[PDB]
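Read the numbers this way: they start at 1 and go in the same order the structure lists the ligands and their atoms. We use all heavy atoms of the structure for the numbers below, so side chains are in, but hydrogens, waters and symmetry mates are not. Positions are given from 1, in the same order as the sequence printed here.
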Amino acid sequence: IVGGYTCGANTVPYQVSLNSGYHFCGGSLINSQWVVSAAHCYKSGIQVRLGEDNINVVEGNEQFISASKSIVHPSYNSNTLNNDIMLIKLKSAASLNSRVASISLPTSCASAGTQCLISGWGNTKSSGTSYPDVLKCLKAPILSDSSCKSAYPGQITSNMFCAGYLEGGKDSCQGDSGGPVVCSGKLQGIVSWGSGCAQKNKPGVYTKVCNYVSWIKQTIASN
Ligand SMILES: N=C(N)c1ccc(C=O)cc1
Ligand SMILES: [Ca+2]
């Protein structure tokens, strides 16, 4: 997260870190057994780390649970990033409490202008590279589809939305991938892609979660 702020320990209780010997992606806990992330985060040997603030220090609220199964969206295209969504099942149910909690799925899509909270442990610099140890947060508005399409000609599908600031300086970044965009207590977005980070006229692009609620529910129901 570039141009954001320190969230505060366990203030984003649905935020997960995906770990394969090191943090490599975010995700969102949606019930005791399932995490939503980006398909471009897919790999084998994932350990889901819940209750994290400092990802390099055991602070006392963590739950580490190995993934039993990952399900990449049937229509994920890694070239265009269309349908950039994946479900991860935990080998055991997380113990839910105030610091480890699920986030609600939307019942309808969010509108341009809605303020949302974007979070993760990704790069904090728009030029160089600096990875934070503690969770970073950004409050950002959803942008109009027309401005999103204008920013990224020929690249924005109906499964994507832009959020952030066209002026630059405030954005998600590398390492935030797969993490949440939460608006009025609903998971509306997943950190997906962008041209660099926090660049002028290049806002963050996010997977449009409301399109996938039916798929998420039925997948969970049978797995
Ligand atoms: N919001 C962005 N600028 C952004 C988000 C994720 C990636 C993934 O590597 C790249 C750029
Ligand atoms: Ca920790």
Side-chain angles (χ1 to χ4, degrees), residues 1-4 6-13 15-19 21-28 37-43 47-65 76 78-82 84-86 94 99-100 116-143 147-148 151-152 155-156 160-181 188-208:
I1 305 285
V2 180
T6 293
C7 300
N10 313 111
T11 61
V12 188
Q15 172 84 52
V16 321
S17 169
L18 305 183
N19 184 288
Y22 42 87
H23 168 83
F24 71 88
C25 270
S28 305
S37 187
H40 81 262
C41 291
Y42 165 75
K43 63 162 70 184
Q47 186 185 62
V48 173
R49 300 186 157 205
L50 316 180
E52 286 282 15
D53 190 44
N54 190 318
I55 51 167
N56 276 144
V57 178
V58 181
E59 303 179 289
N61 294 296
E62 297 89 351
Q63 296 176 49
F64 298 167
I65 307 172
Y76 172 56
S78 59
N79 294 324
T80 62
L81 302 180
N82 200 25
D84 189 13
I85 186 170
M86 165 185 60
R99 293 176 174 85
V100 176
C116 307
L117 181 73
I118 308 175
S119 52
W121 287 277
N123 193 357
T124 60
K125 305 278 211 169
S126 58
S127 224
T129 299
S130 180
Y131 286 84
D133 296 304
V134 300
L135 186 68
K136 297 294 179 161
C137 276
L138 177 64
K139 292 182 176 184
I142 296 179
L143 298 171
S147 68
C148 189
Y152 294 103
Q155 290 199 284
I156 307 300
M160 298 171 191
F161 70 87
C162 288
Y165 298 91
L166 295 178
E167 60 261 53
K170 293 163 99 171
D171 199 1
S172 54
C173 200
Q174 273 75 37
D176 294 320
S177 289
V181 180
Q188 295 285 4
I190 297 163
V191 178
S192 184
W193 65 276
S195 172
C197 308
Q199 299 306 113
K200 185 185 171 196
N201 291 131
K202 296 292 182 174
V205 189
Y206 298 94
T207 306
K208 190 167 173 171

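Cation-pi contact between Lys170 and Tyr165: present, with separation from the ring centre below 6.0 Å and deviation from the ring axis of at most 45°.
Note on the Ca ion (ligand 2): protein N/O/S atoms under 3.0 Å are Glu52 OE1, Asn54 O, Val57 O, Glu62 OE2.
By the side-chain hydrogen bond (donor to acceptor under 3.5 Å, both in side chains) test, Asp84 is found to be paired with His40, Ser192, residues two or more places apart in sequence or in another chain being considered. With sequence neighbours left out, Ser147 forms a side-chain hydrogen bond (donor to acceptor under 3.5 Å, both in side chains) with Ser144.
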Sub-3.5 Å pairs, protein N or O with ligand 1 N or O:
residue  : atom  : partner : partner atom : Å
ligand 1 : 1 (N) : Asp171  : OD1          : 2.9
ligand 1 : 1 (N) : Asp171  : OD2          : 3.4
ligand 1 : 1 (N) : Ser172  : O            : 3.2
ligand 1 : 1 (N) : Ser172  : OG           : 2.9
ligand 1 : 3 (N) : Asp171  : OD2          : 2.8
ligand 1 : 3 (N) : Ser172  : O            : 3.4
ligand 1 : 3 (N) : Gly196  : O            : 2.9
ligand 1 : 9 (O) : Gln174  : NE2          : 3.2

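In summary, the aromatic rings of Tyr152 and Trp193 are positioned with their centroids under 6.0 Å apart.
A side-chain N or O of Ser172 and one of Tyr206 form a donor-acceptor pair less than 3.5 Å apart. For the residue pair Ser119 and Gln15, a side-chain donor N or O sits within less than 3.5 Å of a side-chain acceptor on the partner.
Listed here is the closest heavy atom pair of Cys173 and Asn123: CB-O, 3.5 Å. Pairing each heavy atom of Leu81 with each of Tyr76, the nearest pair is CD2-OH, 3.4 Å. For the pair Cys197 and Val2, the tightest heavy-atom approach, listed with the atom from each and the gap, is CB-CG2, 4.1 Å.
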